[PDB]
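Enquirer: A single structure is presented below for examination.
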Amino acid sequence: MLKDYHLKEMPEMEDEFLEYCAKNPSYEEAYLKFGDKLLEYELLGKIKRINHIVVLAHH
């Protein structure tokens, strides 16, 4: 609609992470860029890691 500037709200972005995880190679970059987001989602069951890199776990 209107022209927005630099002003943006940052509540908690997480679907950004969840679609970035489709870049399975270098899962380490998707961890370290975000932070503890990859750790918790791995322990949860949105993603998993077991092989060498991350796999998606759409349940």
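Each chain in the structure tokens gets a letter, A, B, ..., in the order shown, and its residues are numbered from 1; ligands are numbered from 1 in order too.
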Near residue 20 (chain A), counting only C-alpha atoms, which residues have an atom at most 12 Å away, once you skip same-chain residues fewer than 5 positions from it, shown as a PyMOL selection string?

Expert: chain A and resi 13-15+25-31+33-34+37-38+47+54-56

Enquirer: How many Å lie between CA of residue 40 (chain A) and CA of residue 10 (chain A), rounded to one decimal?

Expert: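 About the pair CA of residue 40 (chain A) and CA of residue 10 (chain A): they are 19.4 Å apart.
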
Enquirer: Which value, in Å to one decimal, gives the distance between CA of residue 12 (chain A) and CA of residue 39 (chain A)?

Expert: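 Here the two named atoms are 15.7 Å from each other.
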
Enquirer: Do you have the CA of residue 7 (chain A)-CA of residue 32 (chain A) distance handy?

Expert: 25.2 Å

Enquirer: What are the DSSP helix (DSSP H, G or I) residues of region 26-57 of chain A, as a list in words?

Expert: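 In region 26-57 of chain A, DSSP puts these residues in helix (DSSP H, G or I): residues 27, 28, 29, 30, 31, 32, 37, 38, 39, 40, 41, 42, 43 and 44 of chain A.
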
Enquirer: Could you give me the residues within region 2-58 of chain A that DSSP places in strand (DSSP E), as a PyMOL selection string?

Expert: chain A and resi 47-49+54-56

Enquirer: With N, CA, C and O atoms kept, could you save the residues just selected as a PDB file, in the first residue's frame?

Expert:
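And here's out.pdb as it stands now:
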```pdb
ATOM      1  N   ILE A  47      12.948 -29.442  11.840  1.00  0.00           N
ATOM      2  CA  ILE A  47      14.089 -29.859  11.075  1.00  0.00           C
ATOM      3  C   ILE A  47      14.691 -30.949  11.916  1.00  0.00           C
ATOM      4  O   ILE A  47      14.293 -31.151  13.064  1.00  0.00           O
ATOM      5  N   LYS A  48      15.680 -31.677  11.355  1.00  0.00           N
ATOM      6  CA  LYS A  48      16.490 -32.603  12.105  1.00  0.00           C
ATOM      7  C   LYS A  48      17.847 -32.523  11.478  1.00  0.00           C
ATOM      8  O   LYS A  48      18.007 -31.963  10.400  1.00  0.00           O
ATOM      9  N   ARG A  49      18.863 -33.103  12.146  1.00  0.00           N
ATOM     10  CA  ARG A  49      20.183 -33.246  11.591  1.00  0.00           C
ATOM     11  C   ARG A  49      20.650 -34.560  12.131  1.00  0.00           C
ATOM     12  O   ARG A  49      20.475 -34.838  13.317  1.00  0.00           O
ATOM     13  N   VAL A  54      21.561 -30.667   7.498  1.00  0.00           N
ATOM     14  CA  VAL A  54      20.206 -30.616   7.987  1.00  0.00           C
ATOM     15  C   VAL A  54      19.299 -31.264   6.972  1.00  0.00           C
ATOM     16  O   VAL A  54      19.573 -31.239   5.772  1.00  0.00           O
ATOM     17  N   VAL A  55      18.205 -31.886   7.457  1.00  0.00           N
ATOM     18  CA  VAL A  55      17.135 -32.407   6.650  1.00  0.00           C
ATOM     19  C   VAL A  55      15.919 -31.676   7.139  1.00  0.00           C
ATOM     20  O   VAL A  55      15.869 -31.225   8.282  1.00  0.00           O
ATOM     21  N   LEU A  56      14.892 -31.536   6.270  1.00  0.00           N
ATOM     22  CA  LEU A  56      13.635 -30.941   6.649  1.00  0.00           C
ATOM     23  C   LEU A  56      12.799 -32.045   7.228  1.00  0.00           C
ATOM     24  O   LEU A  56      12.923 -33.204   6.833  1.00  0.00           O
TER      25      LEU A  56
END
```
